[PDB]
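Trainee: Could you have a look at this structure, given as structure tokens, before my questions?
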Amino acid sequence: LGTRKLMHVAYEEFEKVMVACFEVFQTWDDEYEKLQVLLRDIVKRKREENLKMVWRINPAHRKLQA
Amino acid sequence: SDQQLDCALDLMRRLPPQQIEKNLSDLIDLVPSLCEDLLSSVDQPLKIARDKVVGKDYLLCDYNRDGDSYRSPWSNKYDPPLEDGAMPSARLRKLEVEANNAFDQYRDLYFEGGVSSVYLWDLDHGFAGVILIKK
């Protein structure tokens, strides 16, 4: 965002950059859910306990997404 | 058929404790739809299994009855070969192997022989186990 000079472009280029930002975010969400299901079946195949594992993750990108 | 179940339990209550297994099978042969309803409160002897890889013995009940296999505490394997059973906690597996050890000591001190087994399972705020001893 620093090297983008985003506060001066038109809505055409800014719209393309906007869509690309949401592209990256959606890659994060769906692939992260695939990694979630991945770890779910990992914990199932290991069969260890019923810990209170926190999946309420607030990462470093939603801060800008909102 | 609930009164039928009450009279069935009283019949096992008054049944001769020499042929518990055979007569329990007979009573199940009457109403087999009530079979695995009786195999929860009808006391019968145990079943001796054989851990092939270790060379020990382990008893059989419902707590080790994982699916239709039995978790041999000397090996933590299922027999019949079910590779889909409910393994205990690794924590509880270590606690279980030391449990089997301590009860082998117990069994040897009082029984001077015999077969023993101690299985385990969870609880939210604890755990629970069974202790089989057949002399």
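Residues in the structure tokens are named by chain (A, B, ... in the order shown) and by number from 1 within that chain; ligands are numbered from 1 in the order shown.
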Could I get the residues of chain B with an atom no further than 7 Å from an atom of chain A, each paired with its nearest atom pair and that distance in Å to one decimal, using only C-alpha atoms, sorted by chain and residue number, as a Markdown table?
Mentor:
| residue | atom | partner | partner_atom | distance |
| --- | --- | --- | --- | --- |
| B:87 | CA | A:47 | CA | 6.6 |
| B:89 | CA | A:48 | CA | 4.8 |
| B:90 | CA | A:48 | CA | 6.2 |
Trainee: List every residue of chain B that DSSP, applied to the backbone of this structure, assigns to alpha helix (DSSP H), and report them as a PyMOL selection string.
Mentor: chain B and resi 2-13+20-30+35-38+90-110
Trainee: Could you check how far atom CA of residue 4 of chain A sits from atom CA of residue 64 of chain A, in Å to one decimal?
Mentor: 15.4 Å
Trainee: Using only C-alpha atoms, determine which residues lie at most 9 Å from residue 66 of chain B, disregarding the query and same-chain residues fewer than 4 positions distant; provide the list as a VMD selection string.
Mentor: chain B and resid 62 70 to 71 78 82 85 to 87
Trainee: I want to know what sits within 7 Å of segment 118-125 of chain B, based on only C-alpha atoms, with residues of the same chain fewer than 5 positions away left out; could you give that as a ChimeraX atom specification?
Mentor: /B:64,73,88,92,96,99-100,130-132
Trainee: Please produce a file of those selected residues containing C-alpha atoms, as a PDB file, in the first residue's frame.
Mentor:
ATOM      1  CA  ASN B  64     -11.883 -53.508  26.139  1.00  0.00           C
ATOM      2  CA  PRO B  73      -3.015 -53.706  27.182  1.00  0.00           C
ATOM      3  CA  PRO B  88      -6.875 -44.570  24.657  1.00  0.00           C
ATOM      4  CA  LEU B  92      -3.611 -42.792  29.672  1.00  0.00           C
ATOM      5  CA  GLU B  96      -2.518 -47.899  31.842  1.00  0.00           C
ATOM      6  CA  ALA B  99      -1.662 -49.752  36.009  1.00  0.00           C
ATOM      7  CA  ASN B 100      -1.305 -53.211  34.504  1.00  0.00           C
ATOM      8  CA  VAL B 130     -11.887 -51.385  34.869  1.00  0.00           C
ATOM      9  CA  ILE B 131      -9.845 -54.041  36.649  1.00  0.00           C
ATOM     10  CA  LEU B 132     -10.247 -57.642  35.644  1.00  0.00           C
TER      11      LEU B 132
END
Trainee: What are the DSSP strand (DSSP E) residues of chain B, as a ChimeraX atom specification?
Mentor: /B:47-48,59-60,65-66,69-72,77-79,115-123,126-134
Trainee: As an exercise, work out the distance from atom CA of residue 107 of chain B to atom CA of residue 76 of chain B in Å and give it to one decimal place.
Mentor: 20.8 Å
Trainee: Considering only C-alpha atoms, state which residue in the set A:52, A:19, A:10, A:59 is at the smallest distance from residue 32 of chain A.
Mentor: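 Counting only C-alpha atoms, the residue closest to residue 32 of chain A is A:59.
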Trainee: Give me the residues within 10 Å of residue 49 of chain B as a list in words, counting only C-alpha atoms and dropping any in the same chain fewer than 4 places off.
Mentor: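 Close residues of residue 49 of chain B: residues 56, 57, 58, 59, 60, 70, 72 and 79 of chain B.
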Trainee: Convert the current residue selection to file output with N, CA and C atoms, as a PDB file, in the first residue's frame.
Mentor:
ATOM      1  N   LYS B  56       1.637 -62.648  26.709  1.00  0.00           N
ATOM      2  CA  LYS B  56       0.920 -62.438  27.955  1.00  0.00           C
ATOM      3  C   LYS B  56      -0.523 -62.850  27.767  1.00  0.00           C
ATOM      4  N   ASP B  57      -1.332 -62.499  28.748  1.00  0.00           N
ATOM      5  CA  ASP B  57      -2.753 -62.764  28.729  1.00  0.00           C
ATOM      6  C   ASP B  57      -3.482 -61.487  29.079  1.00  0.00           C
ATOM      7  N   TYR B  58      -4.718 -61.396  28.624  1.00  0.00           N
ATOM      8  CA  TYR B  58      -5.515 -60.224  28.908  1.00  0.00           C
ATOM      9  C   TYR B  58      -6.970 -60.635  28.870  1.00  0.00           C
ATOM     10  N   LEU B  59      -7.728 -60.158  29.835  1.00  0.00           N
ATOM     11  CA  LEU B  59      -9.115 -60.557  29.911  1.00  0.00           C
ATOM     12  C   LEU B  59      -9.995 -59.722  28.996  1.00  0.00           C
ATOM     13  N   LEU B  60     -11.227 -60.196  28.815  1.00  0.00           N
ATOM     14  CA  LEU B  60     -12.192 -59.587  27.915  1.00  0.00           C
ATOM     15  C   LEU B  60     -13.479 -59.182  28.616  1.00  0.00           C
ATOM     16  N   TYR B  70     -10.601 -56.395  20.811  1.00  0.00           N
ATOM     17  CA  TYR B  70     -10.182 -56.230  22.187  1.00  0.00           C
ATOM     18  C   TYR B  70      -8.813 -55.589  22.242  1.00  0.00           C
ATOM     19  N   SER B  72      -5.558 -55.211  23.644  1.00  0.00           N
ATOM     20  CA  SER B  72      -4.621 -55.912  24.503  1.00  0.00           C
ATOM     21  C   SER B  72      -3.719 -54.913  25.191  1.00  0.00           C
ATOM     22  N   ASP B  79      -7.782 -57.156  18.639  1.00  0.00           N
ATOM     23  CA  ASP B  79      -7.884 -58.503  18.113  1.00  0.00           C
ATOM     24  C   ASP B  79      -9.346 -58.919  18.234  1.00  0.00           C
TER      25      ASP B  79
END
Trainee: To one decimal in Å, tell me the separation between atom CA of residue 35 of chain B and atom CA of residue 48 of chain B.
Mentor: 21.9 Å
Trainee: Would you mind listing what lies within 12 Å of residue 6 of chain A as JSON, numbers by chain, with only C-alpha atoms counted and same-chain residues fewer than 5 positions away left out?
Mentor: {"A": [1, 11, 12, 13, 14, 15, 16, 17, 18]}
